[PDB]
file final.cif (mmCIF, C-alpha atoms and all ligand atoms)
data_coords
#
loop_
_atom_site.label_atom_id
_atom_site.label_comp_id
_atom_site.auth_asym_id
_atom_site.auth_seq_id
_atom_site.Cartn_x
_atom_site.Cartn_y
_atom_site.Cartn_z
CA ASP A 355 0.00 0.00 0.00
CA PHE A 356 3.07 2.27 -0.40
CA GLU A 357 3.17 4.85 -3.18
CA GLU A 358 5.89 4.25 -5.76
CA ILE A 359 9.04 6.24 -5.14
CA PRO A 360 10.93 7.85 -8.13
CA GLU A 361 13.13 5.45 -10.15
CA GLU A 362 16.31 7.47 -9.32
CA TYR A 363 16.23 5.99 -5.76
CA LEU A 364 16.53 2.39 -7.22
CA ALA B 7 25.66 23.26 17.01
CA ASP B 8 21.96 23.65 16.04
CA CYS B 9 20.98 20.04 17.03
CA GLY B 10 17.57 19.53 18.66
CA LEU B 11 16.15 22.95 17.72
CA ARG B 12 13.24 22.52 15.37
CA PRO B 13 12.83 24.99 12.48
CA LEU B 14 9.02 25.04 12.90
CA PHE B 15 9.03 25.22 16.69
CA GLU B 16 12.08 26.38 18.78
CA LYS B 17 13.59 28.38 15.89
CA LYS B 18 10.31 30.39 15.65
CA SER B 19 9.57 30.34 19.43
CA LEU B 20 6.43 28.22 18.77
CA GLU B 21 5.46 25.39 21.10
CA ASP B 22 3.93 22.11 19.97
CA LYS B 23 0.63 20.98 21.62
CA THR B 24 2.09 18.56 24.23
CA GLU B 25 5.67 19.71 25.01
CA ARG B 26 4.40 21.48 28.19
CA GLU B 27 3.37 17.98 29.52
CA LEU B 28 7.06 16.95 29.32
CA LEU B 29 8.25 20.21 30.96
CA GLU B 30 5.66 19.78 33.80
CA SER B 31 7.02 16.25 34.51
CA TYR B 32 10.60 17.61 35.05
CA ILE B 33 9.87 18.36 38.74
CA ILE C 37 2.25 3.56 18.39
CA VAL C 38 -0.77 2.51 20.46
CA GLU C 39 -2.99 5.22 22.09
CA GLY C 40 -0.96 8.12 20.70
CA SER C 41 -1.97 11.03 18.43
CA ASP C 42 -1.05 12.32 14.95
CA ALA C 43 2.20 14.28 14.93
CA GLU C 44 2.12 17.99 14.05
CA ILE C 45 4.02 19.02 10.89
CA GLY C 46 7.76 19.44 11.67
CA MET C 47 7.26 18.08 15.23
CA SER C 48 9.95 15.37 14.95
CA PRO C 49 12.29 16.52 12.10
CA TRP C 50 14.95 13.94 13.07
CA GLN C 51 12.40 11.13 12.41
CA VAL C 52 13.71 8.63 9.88
CA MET C 53 11.80 5.83 8.10
CA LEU C 54 13.85 2.70 7.27
CA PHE C 55 12.27 1.43 4.08
CA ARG C 56 12.70 -2.04 2.48
CA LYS C 57 13.14 -1.85 -1.36
CA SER C 58 11.53 -5.29 -2.09
CA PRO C 59 8.75 -5.84 -1.01
CA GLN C 60 8.17 -2.05 -0.62
CA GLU C 61 7.46 -1.77 3.09
CA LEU C 62 8.21 -0.13 6.45
CA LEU C 63 11.24 -1.78 8.00
CA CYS C 64 11.68 0.40 11.15
CA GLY C 65 11.98 3.87 12.63
CA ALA C 66 15.34 5.61 13.04
CA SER C 67 16.70 9.08 13.80
CA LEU C 68 18.89 11.70 12.15
CA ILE C 69 21.98 12.55 14.31
CA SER C 70 24.03 14.59 11.74
CA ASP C 71 23.87 15.27 7.97
CA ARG C 72 25.46 11.80 7.35
CA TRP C 73 24.60 9.57 10.33
CA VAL C 74 21.37 7.76 11.21
CA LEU C 75 20.76 5.94 14.55
CA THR C 76 18.52 2.87 14.87
CA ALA C 77 18.00 -0.40 16.83
CA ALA C 78 20.30 -3.30 15.92
CA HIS C 79 17.24 -5.66 15.76
CA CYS C 80 15.95 -3.59 12.80
CA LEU C 81 18.96 -4.89 10.81
CA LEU C 82 19.99 -8.14 12.55
CA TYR C 83 17.54 -10.53 14.13
CA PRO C 84 18.37 -14.26 13.53
CA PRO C 85 15.19 -15.64 15.26
CA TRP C 86 13.13 -14.08 12.40
CA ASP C 87 15.84 -14.58 9.66
CA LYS C 88 16.36 -10.80 9.51
CA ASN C 89 19.85 -9.83 8.23
CA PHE C 90 19.68 -6.71 6.07
CA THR C 91 22.64 -5.34 4.11
CA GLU C 92 23.18 -1.71 2.88
CA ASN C 93 21.58 -2.30 -0.56
CA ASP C 94 18.40 -3.86 0.92
CA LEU C 95 17.04 -0.57 2.23
CA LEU C 96 16.60 3.18 1.89
CA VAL C 97 16.30 5.94 4.53
CA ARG C 98 13.37 8.36 4.03
CA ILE C 99 13.80 11.65 5.97
CA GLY C 100 11.36 14.55 6.50
CA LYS C 101 8.30 12.29 6.32
CA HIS C 102 4.84 12.67 7.91
CA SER C 103 2.56 10.46 5.79
CA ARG C 104 3.40 6.74 6.21
CA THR C 105 2.59 5.59 2.62
CA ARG C 106 2.72 8.63 0.32
CA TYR C 107 5.75 9.81 -1.62
CA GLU C 108 6.10 13.35 -0.12
CA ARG C 109 7.36 15.18 -3.21
CA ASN C 110 9.48 18.32 -2.35
CA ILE C 111 9.43 17.45 1.38
CA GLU C 112 10.94 14.02 2.04
CA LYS C 113 14.51 13.18 0.99
CA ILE C 114 15.52 9.58 0.17
CA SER C 115 19.07 8.47 0.95
CA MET C 116 21.12 5.34 0.30
CA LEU C 117 23.27 3.61 2.84
CA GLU C 118 27.05 3.57 2.49
CA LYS C 119 27.64 1.34 5.58
CA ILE C 120 25.79 -0.25 8.57
CA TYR C 121 27.53 -0.61 11.99
CA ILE C 122 25.89 -2.90 14.59
CA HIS C 123 27.16 -2.80 18.25
CA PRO C 124 29.66 -5.77 18.55
CA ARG C 125 28.08 -6.80 21.88
CA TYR C 126 24.42 -6.58 20.71
CA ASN C 127 22.60 -9.54 22.45
CA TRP C 128 19.86 -10.76 20.06
CA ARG C 129 19.76 -14.19 21.82
CA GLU C 130 18.20 -13.14 25.10
CA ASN C 131 17.05 -9.59 25.88
CA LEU C 132 18.30 -7.30 23.06
CA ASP C 133 21.04 -5.90 25.32
CA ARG C 134 22.91 -3.06 23.48
CA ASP C 135 20.20 -2.84 20.78
CA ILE C 136 21.89 -0.13 18.74
CA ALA C 137 23.17 0.43 15.21
CA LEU C 138 24.56 3.27 13.11
CA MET C 139 24.06 3.82 9.36
CA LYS C 140 26.32 6.13 7.36
CA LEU C 141 24.63 7.84 4.42
CA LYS C 142 26.22 7.78 0.96
CA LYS C 143 25.72 11.58 0.63
CA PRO C 144 24.89 14.28 3.25
CA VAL C 145 21.21 15.15 3.63
CA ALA C 146 20.19 18.79 3.30
CA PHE C 147 18.42 20.24 6.35
CA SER C 148 15.05 21.91 5.91
CA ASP C 149 11.94 22.82 7.93
CA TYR C 150 11.11 19.06 7.99
CA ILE C 151 14.69 17.62 8.30
CA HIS C 152 16.92 18.46 11.24
CA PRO C 153 19.16 16.44 13.60
CA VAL C 154 18.34 15.60 17.24
CA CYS C 155 21.08 16.00 19.94
CA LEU C 156 22.78 13.11 21.71
CA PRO C 157 23.03 13.47 25.51
CA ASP C 158 26.24 13.99 27.49
CA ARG C 159 26.66 12.60 31.06
CA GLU C 160 25.02 15.64 32.69
CA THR C 161 21.95 15.67 30.33
CA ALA C 162 21.37 11.96 31.08
CA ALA C 163 21.79 12.35 34.87
CA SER C 164 19.38 15.33 35.01
CA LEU C 165 16.65 13.95 32.69
CA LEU C 166 16.66 10.14 33.11
CA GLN C 167 14.60 10.08 36.26
CA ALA C 168 11.51 8.06 37.16
CA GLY C 169 8.37 10.16 36.43
CA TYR C 170 10.10 12.44 33.85
CA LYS C 171 8.39 12.11 30.50
CA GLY C 172 9.86 11.43 27.09
CA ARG C 173 8.30 11.31 23.64
CA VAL C 174 8.15 8.32 21.28
CA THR C 175 7.29 8.61 17.56
CA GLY C 176 6.72 6.11 14.73
CA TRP C 177 4.62 4.65 11.90
CA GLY C 178 4.15 1.28 13.60
CA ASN C 179 1.02 -0.61 14.64
CA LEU C 180 -1.88 1.29 16.22
CA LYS C 181 -2.82 -1.90 18.12
CA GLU C 182 -0.96 -5.04 19.26
CA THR C 183 -3.40 -7.24 17.21
CA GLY C 185 -4.24 -1.19 11.87
CA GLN C 186 -1.57 1.08 10.38
CA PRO C 187 -1.60 4.93 10.78
CA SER C 188 -2.02 7.38 7.87
CA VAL C 189 0.56 9.76 9.44
CA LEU C 190 3.45 9.76 12.00
CA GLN C 191 2.16 9.00 15.55
CA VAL C 192 3.34 10.54 18.83
CA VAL C 193 3.00 9.53 22.50
CA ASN C 194 4.47 11.09 25.67
CA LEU C 195 5.40 8.54 28.37
CA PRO C 196 6.96 8.66 31.85
CA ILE C 197 10.23 6.85 32.64
CA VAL C 198 9.50 4.04 35.16
CA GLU C 199 11.51 3.05 38.32
CA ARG C 200 14.09 0.25 37.62
CA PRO C 201 12.44 -2.15 40.22
CA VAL C 202 8.99 -1.65 38.62
CA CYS C 203 10.51 -2.36 35.12
CA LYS C 204 12.23 -5.52 36.53
CA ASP C 205 9.05 -6.71 38.33
CA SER C 206 6.87 -6.39 35.20
CA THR C 207 8.72 -9.08 33.23
CA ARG C 208 10.49 -12.47 33.42
CA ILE C 209 13.15 -11.07 31.02
CA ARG C 210 16.48 -10.03 32.55
CA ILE C 211 16.93 -6.20 32.38
CA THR C 212 20.36 -4.60 31.99
CA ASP C 213 21.86 -1.14 32.65
CA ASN C 214 21.79 -0.54 28.82
CA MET C 215 17.99 -0.25 28.81
CA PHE C 216 15.23 1.64 30.61
CA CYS C 217 11.47 1.24 30.61
CA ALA C 218 8.68 3.81 30.17
CA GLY C 219 4.88 3.94 30.27
CA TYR C 220 1.92 4.50 32.55
CA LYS C 221 1.00 2.15 35.44
CA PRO C 222 -2.62 0.69 35.51
CA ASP C 223 -3.44 3.09 38.43
CA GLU C 224 -2.35 6.17 36.34
CA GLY C 225 -5.38 5.88 33.98
CA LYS C 226 -3.51 7.27 30.91
CA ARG C 227 -2.20 4.78 28.24
CA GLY C 228 0.28 4.56 25.36
CA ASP C 229 3.22 2.50 24.06
CA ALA C 230 5.42 1.87 21.06
CA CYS C 231 4.63 -1.32 19.11
CA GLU C 232 5.76 -3.42 16.11
CA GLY C 233 7.10 -1.11 13.35
CA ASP C 234 8.17 1.63 15.89
CA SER C 235 11.44 -0.24 16.51
CA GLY C 236 14.57 1.88 16.03
CA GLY C 237 12.65 5.12 16.52
CA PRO C 238 13.63 7.76 19.08
CA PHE C 239 12.59 8.31 22.73
CA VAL C 240 13.26 12.10 23.11
CA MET C 241 13.20 14.64 25.95
CA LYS C 242 13.32 18.46 25.77
CA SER C 243 15.99 19.81 28.08
CA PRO C 244 14.51 22.58 30.32
CA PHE C 245 18.11 23.90 30.68
CA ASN C 246 18.94 24.71 27.03
CA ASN C 247 15.54 24.04 25.30
CA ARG C 248 17.01 21.41 22.93
CA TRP C 249 15.65 17.97 22.20
CA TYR C 250 17.84 15.03 23.19
CA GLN C 251 17.47 11.40 22.12
CA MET C 252 17.61 9.46 25.40
CA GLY C 253 16.30 6.14 24.07
CA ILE C 254 15.73 3.89 21.04
CA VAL C 255 12.48 1.85 20.69
CA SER C 256 13.77 -1.67 21.45
CA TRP C 257 11.33 -4.24 22.84
CA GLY C 258 8.26 -5.16 24.83
CA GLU C 259 5.89 -8.06 25.40
CA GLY C 260 2.86 -7.22 23.34
CA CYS C 261 1.84 -3.51 23.17
CA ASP C 262 0.13 -1.17 25.70
CA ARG C 263 -0.76 -4.07 28.08
CA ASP C 264 -1.62 -3.23 31.71
CA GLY C 265 1.29 -3.83 34.08
CA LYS C 266 3.77 -4.03 31.12
CA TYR C 267 6.18 -1.29 29.88
CA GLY C 268 8.06 -0.50 26.68
CA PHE C 269 11.84 -1.01 26.79
CA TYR C 270 14.33 1.39 25.26
CA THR C 271 18.02 1.28 24.48
CA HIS C 272 19.84 3.69 26.91
CA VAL C 273 21.62 5.98 24.36
CA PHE C 274 23.99 7.72 26.81
CA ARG C 275 25.20 4.30 28.16
CA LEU C 276 26.33 3.44 24.62
CA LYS C 277 27.64 6.90 23.54
CA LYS C 278 31.31 5.84 23.77
CA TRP C 279 30.56 3.18 21.10
CA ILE C 280 28.66 5.81 19.01
CA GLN C 281 31.60 8.26 19.30
CA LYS C 282 34.20 5.55 18.39
CA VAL C 283 32.27 4.56 15.19
CA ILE C 284 31.75 8.21 14.09
CA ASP C 285 35.41 9.18 14.94
CA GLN C 286 36.23 6.03 12.79
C1 LIG A 401 4.70 -6.99 19.85
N1 LIG A 401 5.90 -7.82 19.64
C2 LIG A 401 6.30 -8.09 18.25
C3 LIG A 401 6.60 -8.31 20.72
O1 LIG A 401 6.20 -8.05 21.85
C4 LIG A 401 7.86 -9.15 20.56
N2 LIG A 401 8.63 -9.23 21.83
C5 LIG A 401 10.11 -9.29 21.68
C6 LIG A 401 10.56 -8.03 20.99
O2 LIG A 401 10.04 -6.96 21.30
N3 LIG A 401 11.48 -8.02 20.00
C7 LIG A 401 12.26 -9.00 19.23
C8 LIG A 401 12.60 -7.94 18.17
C9 LIG A 401 11.91 -6.94 19.11
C10 LIG A 401 10.64 -6.31 18.58
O3 LIG A 401 9.76 -7.01 18.11
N4 LIG A 401 10.43 -4.99 18.78
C11 LIG A 401 9.18 -4.36 18.34
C12 LIG A 401 8.50 -3.80 19.56
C13 LIG A 401 8.69 -2.46 19.88
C14 LIG A 401 8.08 -1.91 20.98
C15 LIG A 401 7.31 -2.73 21.83
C16 LIG A 401 6.62 -2.12 22.99
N5 LIG A 401 7.06 -1.02 23.52
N6 LIG A 401 5.45 -2.68 23.49
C17 LIG A 401 7.13 -4.09 21.51
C18 LIG A 401 7.72 -4.61 20.37
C19 LIG A 401 10.81 -9.41 23.06
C20 LIG A 401 10.22 -10.60 23.86
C21 LIG A 401 10.93 -10.76 25.21
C22 LIG A 401 12.45 -10.91 25.02
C23 LIG A 401 13.03 -9.71 24.26
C24 LIG A 401 12.33 -9.59 22.89
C1 LIG A 402 24.47 -11.81 8.08
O1 LIG A 402 24.82 -11.51 6.71
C2 LIG A 402 26.24 -11.46 6.45
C3 LIG A 402 26.34 -11.19 4.96
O2 LIG A 402 26.00 -9.82 4.75
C4 LIG A 402 27.02 -12.72 6.89
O3 LIG A 402 28.46 -12.50 6.67
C5 LIG A 402 26.68 -13.00 8.40
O4 LIG A 402 27.38 -14.15 8.91
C6 LIG A 402 25.13 -13.12 8.62
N1 LIG A 402 24.62 -13.56 9.95
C7 LIG A 402 24.92 -12.94 11.15
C8 LIG A 402 24.29 -13.58 12.36
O5 LIG A 402 25.63 -11.94 11.26
NA NA A 403 11.22 -9.88 36.88
NA NA A 404 1.42 -0.84 29.77
#

call {"tool": "encode", "arguments": {"input": "final.cif", "output": "structure tokens", "more": "lines below"}}
Ligand SMILES: CN(C)C(=O)CN[C@@H](C(=O)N1CC[C@H]1C(=O)NCc1ccc(C(=N)N)cc1)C1CCCCC1
Ligand SMILES: *[C@@H]1O[C@H](CO)[C@@H](O)[C@H](O)[C@H]1NC(C)=O
Ligand code: NA
Ligand code: NA
result
Amino acid sequence: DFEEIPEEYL
Amino acid sequence: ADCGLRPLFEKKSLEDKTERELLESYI
Amino acid sequence: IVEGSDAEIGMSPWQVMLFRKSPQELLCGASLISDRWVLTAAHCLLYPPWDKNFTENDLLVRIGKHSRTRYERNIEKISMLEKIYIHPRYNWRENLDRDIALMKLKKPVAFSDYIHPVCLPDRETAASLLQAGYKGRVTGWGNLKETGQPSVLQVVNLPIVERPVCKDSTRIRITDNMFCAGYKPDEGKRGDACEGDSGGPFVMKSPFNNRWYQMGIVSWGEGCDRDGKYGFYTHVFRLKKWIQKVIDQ
């Protein structure tokens, strides 16, 4: 249920 | 240094809603 | 946090979320002690009974957060771990004695209204504040009940409890590297840390210099918010020489 974090953080 | 001084509280001289409860316990 | 309240914005700017990359989930709480160092509980990273043994690449640190699940664009900062350091005498076999770990960040975090380090106590701070009856503050995104999950960071203020009362509440052996906090059944008021709050800070505001000090780390308990039981915390000052050695390098 966690929102996706930007790709840059791996 | 500036450790433990919150930009939105101590740095502005604003108190959060329950910090007085802690202070009152330090008898 | 059981029987706490929602945090105010910027209330705990040293609050860190330890976040597992896969599956994407909350691993633990933690705290910001400088622009490059994060303090947590060793059991967040190493706990053989539950096959927990995280390495640097397994997780991320999310700083400046309030919402548990949302990506807080322009507010939270996400950092990678360079290296983990677990206390060499951490006792995961019995009672979590010396439940402490340090994490060095790959790059320094920028401070903001939402991101700011907490102080670590010196001998005098600890002697003056770590007294039975004196209240501290625990924060985290852990369970709201022993047996859901909060939308935002939770806060609870709890009194430090007398060492004999801590000892008499449990069959577990208590050491000088831990202290217990919480209300007694006769006090009426409730509150405790719970699963998912592990590694988070137990803080006190010094009435001497008006700064917040991290006196404890959420470590263990037996269930959450049970009558006659108390939450146990790693005694930060007792382990400061280890902290100082690791940071000095
Ligand atoms: C609810 N849980 C999971 C337990 O009571 C497990 N109970 C065990 C425990 O707490 N452990 C082992 C790793 C760590 C953990 O789960 N920490 C999460 C936590 C944090 C706060 C509190 C609290 N203040 N009430 C309780 C648990 C303890 C059981 C007695 C011997 C020491 C370990
Ligand atoms: C944990 O993982 C490391 C590999 O990162 C391994 O060397 C170590 O023996 C493991 N177990 C314990 C209890 O440290
Ligand atoms: Na006992
Ligand atoms: Na209790």

call {"tool": "residues_near_ligand", "arguments": {"input": "final.cif", "ligand": "ligand LIG 402 (chain A)", "cutoff": "12 Å", "atoms": "only C-alpha atoms and all ligand atoms", "output": "ChimeraX atom specification"}}
result
/C:78-79,81-94,119-124,126-129

call {"tool": "residues_near_ligand", "arguments": {"input": "final.cif", "ligand": "ligand NA 404 (chain A)", "cutoff": "7 Å", "atoms": "only C-alpha atoms and all ligand atoms", "output": "PyMOL selection string"}}
result
chain C and resi 219-221+227+229+262-267

call {"tool": "residues_near_point", "arguments": {"input": "final.cif", "point": "(10.1, 17.0, 35.4)", "cutoff": "8 Å", "atoms": "only C-alpha atoms", "output": "list in words"}}
result
residues 28, 29, 30, 31, 32 and 33 of chain B; 165, 169, 170 and 171 of chain C

call {"tool": "residues_near_ligand", "arguments": {"input": "final.cif", "ligand": "ligand NA 403 (chain A)", "cutoff": "8 Å", "atoms": "all atoms listed in the file", "output": "PDB file with C-alpha atoms, in the frame of the given file"}}
result
ATOM      1  CA  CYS C 203      10.510  -2.360  35.120  1.00  0.00           C
ATOM      2  CA  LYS C 204      12.230  -5.520  36.530  1.00  0.00           C
ATOM      3  CA  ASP C 205       9.050  -6.710  38.330  1.00  0.00           C
ATOM      4  CA  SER C 206       6.870  -6.390  35.200  1.00  0.00           C
ATOM      5  CA  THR C 207       8.720  -9.080  33.230  1.00  0.00           C
ATOM      6  CA  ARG C 208      10.490 -12.470  33.420  1.00  0.00           C
ATOM      7  CA  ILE C 209      13.150 -11.070  31.020  1.00  0.00           C
ATOM      8  CA  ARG C 210      16.480 -10.030  32.550  1.00  0.00           C
TER       9      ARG C 210
END

call {"tool": "closest_residue", "arguments": {"input": "final.cif", "among": "C:174, C:276, C:252, C:69", "to": "chain B", "atoms": "all atoms listed in the file"}}
result
C:69

call {"tool": "residues_near_ligand", "arguments": {"input": "final.cif", "ligand": "ligand LIG 401 (chain A)", "cutoff": "7 Å", "atoms": "only C-alpha atoms and all ligand atoms", "output": "PyMOL selection string"}}
result
chain C and resi 79+83+130-132+182+209+229-235+255-262+267-269

call {"tool": "interface_residues", "arguments": {"input": "final.cif", "of": "chain C", "to": "chain B", "cutoff": "10 Å", "atoms": "all atoms listed in the file", "output": "PyMOL selection string"}}
result
chain C and resi 43-50+68-70+147-156+164-173+192-196+240-244+246-251

call {"tool": "write_last_selection", "arguments": {"input": "final.cif", "atoms": "C-alpha atoms", "output": "compact mmCIF listing (two decimals), in the frame of the given file"}}
result
# COMPACT_ATOMS: atom_id res chain seq x y z
CA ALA C 43 2.20 14.28 14.93
CA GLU C 44 2.12 17.99 14.05
CA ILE C 45 4.02 19.02 10.89
CA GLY C 46 7.76 19.44 11.67
CA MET C 47 7.26 18.08 15.23
CA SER C 48 9.95 15.37 14.95
CA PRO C 49 12.29 16.52 12.10
CA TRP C 50 14.95 13.94 13.07
CA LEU C 68 18.89 11.70 12.15
CA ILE C 69 21.98 12.55 14.31
CA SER C 70 24.03 14.59 11.74
CA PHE C 147 18.42 20.24 6.35
CA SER C 148 15.05 21.91 5.91
CA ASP C 149 11.94 22.82 7.93
CA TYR C 150 11.11 19.06 7.99
CA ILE C 151 14.69 17.62 8.30
CA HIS C 152 16.92 18.46 11.24
CA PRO C 153 19.16 16.44 13.60
CA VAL C 154 18.34 15.60 17.24
CA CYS C 155 21.08 16.00 19.94
CA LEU C 156 22.78 13.11 21.71
CA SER C 164 19.38 15.33 35.01
CA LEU C 165 16.65 13.95 32.69
CA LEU C 166 16.66 10.14 33.11
CA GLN C 167 14.60 10.08 36.26
CA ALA C 168 11.51 8.06 37.16
CA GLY C 169 8.37 10.16 36.43
CA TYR C 170 10.10 12.44 33.85
CA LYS C 171 8.39 12.11 30.50
CA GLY C 172 9.86 11.43 27.09
CA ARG C 173 8.30 11.31 23.64
CA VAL C 192 3.34 10.54 18.83
CA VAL C 193 3.00 9.53 22.50
CA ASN C 194 4.47 11.09 25.67
CA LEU C 195 5.40 8.54 28.37
CA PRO C 196 6.96 8.66 31.85
CA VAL C 240 13.26 12.10 23.11
CA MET C 241 13.20 14.64 25.95
CA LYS C 242 13.32 18.46 25.77
CA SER C 243 15.99 19.81 28.08
CA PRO C 244 14.51 22.58 30.32
CA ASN C 246 18.94 24.71 27.03
CA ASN C 247 15.54 24.04 25.30
CA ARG C 248 17.01 21.41 22.93
CA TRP C 249 15.65 17.97 22.20
CA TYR C 250 17.84 15.03 23.19
CA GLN C 251 17.47 11.40 22.12

call {"tool": "interface_residues", "arguments": {"input": "final.cif", "of": "chain A", "to": "chain C", "cutoff": "7 Å", "atoms": "all atoms listed in the file", "output": "JSON, numbers by chain"}}
result
{"A": [355, 356, 357, 358, 359, 363]}

call {"tool": "atom_distance", "arguments": {"input": "final.cif", "atom1": "atom CA of residue 117 of chain C", "atom2": "atom CA of residue 141 of chain C"}}
result
4.7 Å

call {"tool": "atom_distance", "arguments": {"input": "final.cif", "atom1": "atom CA of residue 53 of chain C", "atom2": "atom CA of residue 213 of chain C"}}
result
27.4 Å

call {"tool": "atom_distance", "arguments": {"input": "final.cif", "atom1": "atom CA of residue 143 of chain C", "atom2": "atom CA of residue 72 of chain C"}}
result
6.7 Å

call {"tool": "build_atoms", "arguments": {"input": "final.cif", "residues": "chain A", "atoms": "N, CA, C and O atoms", "output": "PDB file, in the coordinates of the input"}}
result
ATOM      1  N   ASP A 355       0.806  -1.222   0.000  1.00  0.00           N
ATOM      2  CA  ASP A 355       0.000   0.000   0.000  1.00  0.00           C
ATOM      3  C   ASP A 355       0.848   1.284   0.000  1.00  0.00           C
ATOM      4  O   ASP A 355       0.329   2.372   0.248  1.00  0.00           O
ATOM      5  N   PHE A 356       2.141   1.153  -0.329  1.00  0.00           N
ATOM      6  CA  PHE A 356       3.070   2.270  -0.400  1.00  0.00           C
ATOM      7  C   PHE A 356       3.147   2.837  -1.804  1.00  0.00           C
ATOM      8  O   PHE A 356       3.282   2.086  -2.776  1.00  0.00           O
ATOM      9  N   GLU A 357       3.080   4.168  -1.906  1.00  0.00           N
ATOM     10  CA  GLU A 357       3.170   4.850  -3.180  1.00  0.00           C
ATOM     11  C   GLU A 357       4.557   4.669  -3.732  1.00  0.00           C
ATOM     12  O   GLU A 357       5.545   4.696  -2.978  1.00  0.00           O
ATOM     13  N   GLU A 358       4.625   4.440  -5.054  1.00  0.00           N
ATOM     14  CA  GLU A 358       5.890   4.250  -5.760  1.00  0.00           C
ATOM     15  C   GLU A 358       6.786   5.463  -5.552  1.00  0.00           C
ATOM     16  O   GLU A 358       6.315   6.607  -5.540  1.00  0.00           O
ATOM     17  N   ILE A 359       8.056   5.202  -5.322  1.00  0.00           N
ATOM     18  CA  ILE A 359       9.040   6.240  -5.140  1.00  0.00           C
ATOM     19  C   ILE A 359       9.790   6.426  -6.481  1.00  0.00           C
ATOM     20  O   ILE A 359       9.909   5.444  -7.221  1.00  0.00           O
ATOM     21  N   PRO A 360      10.245   7.652  -6.840  1.00  0.00           N
ATOM     22  CA  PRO A 360      10.930   7.850  -8.130  1.00  0.00           C
ATOM     23  C   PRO A 360      12.085   6.888  -8.401  1.00  0.00           C
ATOM     24  O   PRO A 360      12.885   6.598  -7.498  1.00  0.00           O
ATOM     25  N   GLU A 361      12.137   6.401  -9.647  1.00  0.00           N
ATOM     26  CA  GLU A 361      13.130   5.450 -10.150  1.00  0.00           C
ATOM     27  C   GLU A 361      14.559   5.701  -9.725  1.00  0.00           C
ATOM     28  O   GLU A 361      15.269   4.751  -9.376  1.00  0.00           O
ATOM     29  N   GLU A 362      14.972   6.993  -9.709  1.00  0.00           N
ATOM     30  CA  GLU A 362      16.310   7.470  -9.320  1.00  0.00           C
ATOM     31  C   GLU A 362      16.798   6.924  -7.970  1.00  0.00           C
ATOM     32  O   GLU A 362      18.010   6.904  -7.733  1.00  0.00           O
ATOM     33  N   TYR A 363      15.867   6.515  -7.079  1.00  0.00           N
ATOM     34  CA  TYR A 363      16.230   5.990  -5.760  1.00  0.00           C
ATOM     35  C   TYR A 363      16.492   4.485  -5.765  1.00  0.00           C
ATOM     36  O   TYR A 363      16.865   3.938  -4.723  1.00  0.00           O
ATOM     37  N   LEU A 364      16.327   3.824  -6.948  1.00  0.00           N
ATOM     38  CA  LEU A 364      16.530   2.390  -7.220  1.00  0.00           C
ATOM     39  C   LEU A 364      15.421   1.521  -6.652  1.00  0.00           C
ATOM     40  O   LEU A 364      14.810   0.756  -7.429  1.00  0.00           O
TER      41      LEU A 364
END
